[PDB]
Amino acid sequence: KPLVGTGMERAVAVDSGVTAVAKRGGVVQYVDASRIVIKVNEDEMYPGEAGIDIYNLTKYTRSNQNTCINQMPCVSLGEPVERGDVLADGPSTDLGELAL
Amino acid sequence: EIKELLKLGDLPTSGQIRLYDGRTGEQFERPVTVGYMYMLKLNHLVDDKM
Amino acid sequence: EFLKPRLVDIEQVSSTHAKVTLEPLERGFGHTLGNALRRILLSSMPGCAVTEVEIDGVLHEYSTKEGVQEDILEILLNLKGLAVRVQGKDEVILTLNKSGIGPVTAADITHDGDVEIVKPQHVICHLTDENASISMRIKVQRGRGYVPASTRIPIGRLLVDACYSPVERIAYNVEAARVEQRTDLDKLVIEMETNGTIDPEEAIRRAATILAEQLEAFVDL
Amino acid sequence: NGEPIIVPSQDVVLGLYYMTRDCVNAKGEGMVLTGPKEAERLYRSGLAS
Amino acid sequence: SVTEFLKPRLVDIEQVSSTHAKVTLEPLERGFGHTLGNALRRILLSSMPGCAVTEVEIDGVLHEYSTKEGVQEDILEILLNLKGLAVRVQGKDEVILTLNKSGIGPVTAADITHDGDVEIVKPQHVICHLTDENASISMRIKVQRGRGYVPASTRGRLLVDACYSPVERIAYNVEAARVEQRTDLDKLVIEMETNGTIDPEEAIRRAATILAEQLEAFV
């Protein structure tokens, strides 16, 4: 991360499709370098379809400029998450903040 | 505000500290500006240009 | 006649860093000795950095193992900064086996009686499944300086850049010594950080030996 | 034109401008020297500015 | 084999006029050129047993700013010419030399009272010209022994900046030399002058000796 930023880092990192952002708030059921399973909360759940949010991360694949894009989980097992919370850090990201 | 935040820590408010030569052990005169700067590595690599 | 220096005191102010004192020193020899010993101590001391790793089901370091929260690359990056004291060998092979949820510290390395892990809180990775195991062989060897994996180059052998240097920081200062009922004398205090794998006085002795052996080129005792 | 094109650029000129200068009261002012060599020894040993 | 460093050997000594020389060391370990060069430079500049001319006593002029009849240059140049007087002495620490002269022509070092164990390595070192014959000069110069450079400021007596160390210039320059298959090894190039009391190789050897004996409580 930058030590000196402008506060515009979080918006730029969240509003691009590199991080993995929690669709629905819940509790982290399971974490792995490749997968995140989130147990949704009762208040935020549909009548049927108990369901759980599964985010498959994007490991070492190739970008247009031959660089490397790679998603790293930043949450840990058994942790709360609200909506709009970054779960995985894309390339040049650090706990949601943009880090170039 | 920068000077106040420097004074919160135990750093000098001038921003410039005293340095020593790495290979002669001799104090440079003229306190120099040291600090932390955010460096980028641009995608112009010399092993792609040679 | 110059008054020769002596190792008066060694204040081990912590496990990490220590504070050696040299006394008494004449005019202008404090800075000379301090800077020469700083350069030798910071540049060339022997260490025991990790060199190679074999994880059991891994082919290359750009892969992902199942049930570990870490990429294999960051597992290596955590091993690259692991402190250890190989006692009586040039090269040894340690082994780590673990299963079950939780962190995997350096205390989980098989003991291998003729070595010593200095920091057992150093965390390597995080297992995140009860029926998930990690088993690896970690090759440690003595060396000097910094030799990247490339400059010293099977299908499971993951080289890691080796950083055989136990010293992080050397600071020093000369200050007056009211000694011998005589003014106009110095005392050289050397504060030195370490990863914990080289006792300070032996580091000073080795640096002084190096300096003297280099001075032998253009003198004759 | 006639003018040189091997004039020192920016760091060399800064060094020669700092070096060839005068301060109205600096360390070791107003002593008498035997030549450039003694000036250099005085400066390196630390006994003069 | 982690203690097996690289040991150099003096690749040459480009001898020049007896007081001037240029030693060269190749190949040194990465970064050892600067530490060796700086240590030798500091020892040679700031700590060397040597003999100098500390004090002088002109009979007539008491105060530091006056004049003699018969000599075209004032006393400042006299003291400067005395600082150029290279001297050797045996176990004795201080002695009183004297130079009484009268007549036209220069006053060199070849007419100081040669008595005693002292000797002068440049008898032709002109001290001062006399432009008359009736004018006489009488000096009494105190030589001494010391361990570097001691200005007058740090102390009809006349004080002279006592330069004890025999070296008048020491300068090293680390180059880049390569052993057959290693990129970055150093090459130290010492170049130095002295006042003729000891040739440069002796000075370098003595400085290295001093440092080595300083490092006997550790090795």
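Each chain gets a letter, A, B, C, D and E, in the order it is written, and its residues are counted from 1.
To be clear about the criterion, contacts are C-beta pairs under 8 Å (C-beta built on N, C-alpha and C of every residue); 3 or more make two chains touch, one makes a residue touch a chain.
Colleague: Once you count every C-beta pair in contact for both, which comes out on top, A-C or A-B?
Modeller: More contacting C-beta pairs are found at A-C.
Colleague: When the centre of a chain is set as the mean of its C-alpha atoms, what distance in Å lies between subunit C and subunit E?
Modeller: Inter-chain centre distance comes to 45 Å.
Colleague: Express in whole angstrom the distance between the two chain centres, defined as the mean CA positions of subunit A and subunit B.
Modeller: 35
Colleague: Where the centres are mean C-alpha positions, what is the separation of subunit A from subunit E, in Å?
Modeller: The separation of the two C-alpha centroids amounts to 73 Å.
Colleague: Which residues of subunit C are in contact with two or more other chains?
Modeller: Within subunit C, the residues that touch at least two other chains are 31-32, 35, 39.
Colleague: Which of line, ring, star, complete and other names the graph you get from chains that touch?
Modeller: Basically it's none of the tidy shapes, so other.
Colleague: Between which chains is there touch?
Modeller: Inter-chain contacts occur between A-B, A-C, B-C, B-E, C-E, D-E.
Colleague: For subunit B, which residues are in contact with subunit C within the complex?
Modeller: Contact set of subunit B toward subunit C: 23-25.
Colleague: Where on subunit C is subunit B touching in the complex?
Modeller: Residues of subunit C touching subunit B: 31-32, 34-35, 38-39.
Colleague: Would you mind writing out the residues of subunit C in touch with subunit A in their complex?
Modeller: Checking each residue of subunit C against subunit A gives 62, 64-71, 74, 101, 126, 128-129.
Colleague: For the complex, which residues does subunit C have touching subunit E?
Modeller: Listed in rising order, the residues are 2, 4-7, 26-29, 31-33, 35-36, 39-40, 43-44, 46, 142-144, 164, 204-205, 208-221.
Colleague: Please give the residue numbers of subunit D that touch subunit E in the complex, ascending.
Modeller: 28, 31-34, 37-38, 40-42, 44-45, 47
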